[PDB]
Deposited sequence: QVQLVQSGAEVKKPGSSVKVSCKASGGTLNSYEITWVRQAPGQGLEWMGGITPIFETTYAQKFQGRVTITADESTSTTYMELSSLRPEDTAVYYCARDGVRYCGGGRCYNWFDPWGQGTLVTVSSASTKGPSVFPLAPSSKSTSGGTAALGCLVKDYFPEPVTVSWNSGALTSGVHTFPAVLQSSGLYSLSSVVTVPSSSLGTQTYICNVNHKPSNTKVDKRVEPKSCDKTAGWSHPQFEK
């Protein structure tokens, strides 16, 4: 049972670089076959590179001259670094063991098991800025039902984590994907449906949490 845990999310500046670690544990070697894969927000998987246990790197042509995979066997962790950062590099970056694990009929096979928890690397010319959360105060909208959100606007980087009534209200909540504004700032909207017969009787707070810029903000949504 090999297991991989990865560096925390680094937030980097266009042109700069970033080095993600991937510590291995729980197996029988001091170095494994480690693979690096990135997945852009919403997009798909993009293989980048790999290191053999004898430290023989092979990279994807998409990033030759940009990406370097090294290894510190002593602490048995491997590193991946991608220089010349464009925003078009903002993605999640995983590692996995690409281990030879089954042979049969005189040929051997590799696959990706397990995968690290992933590291988000955000490349933008912004700077860490906390959000502003504004009530989407309800108007009452029939079916006996209403809707009341609150808008978390202008923050960087992702991610933000919102809840309602501290996890007590969860049914029919819809929190939306953050959109990247041309401000370079992200903004999303969490909305909840609710029996309109409760507007004015049930208090509704939305608890927004941006750990990048350690900001806990609870904002009550009364109607208007």
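Colleague: Where the model has no C-alpha, note the corresponding stretch of the deposited sequence, numbering from 1.
Modeller: Gaps vs deposited seq, in order: 141-142, 227-241.
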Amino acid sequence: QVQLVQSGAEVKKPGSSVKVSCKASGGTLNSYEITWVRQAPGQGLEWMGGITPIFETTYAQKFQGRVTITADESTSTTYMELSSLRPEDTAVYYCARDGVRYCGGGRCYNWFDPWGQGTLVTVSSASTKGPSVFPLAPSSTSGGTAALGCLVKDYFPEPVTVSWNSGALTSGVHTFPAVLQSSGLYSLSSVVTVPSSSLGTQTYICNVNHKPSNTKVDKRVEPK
From here on, numbers count along this sequence of modelled residues.
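Colleague: In terms of CA temperature factor as recorded, identify the highest of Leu185, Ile69, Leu45, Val192.
Modeller: Checking the PDB record, the top C-alpha B-factor among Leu185, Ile69, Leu45, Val192 is at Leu185.
Colleague: Ordered by C-alpha B-factor within the chain, which third holds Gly65? Give me lowest, middle or highest, please.
Modeller: As the PDB entry reports it, the C-alpha B-factor of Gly65 lands in the highest third of its chain.
Colleague: Among the modelled residues of this chain, does the Cα B factor of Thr175 put it in the lowest, middle or highest third?
Modeller: CA B-factor rank for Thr175: lowest third.
Colleague: Is the Cα B-factor recorded for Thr75 in the lowest, middle or highest third of its chain?
Modeller: For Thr75, the deposited C-alpha B-factor lands in the highest third.
Colleague: Is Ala126 in the lowest, middle or highest third of its chain when residues are ranked by C-alpha B-factor?
Modeller: Middle third - that is where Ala126 ends up once the chain's C-alpha B-factors are sorted.
Colleague: Using only modelled residues of the chain, where does the Cα B factor of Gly104 rank: lowest third, middle third or highest third?
Modeller: Its C-alpha B-factor belongs to the highest third of this chain's values.
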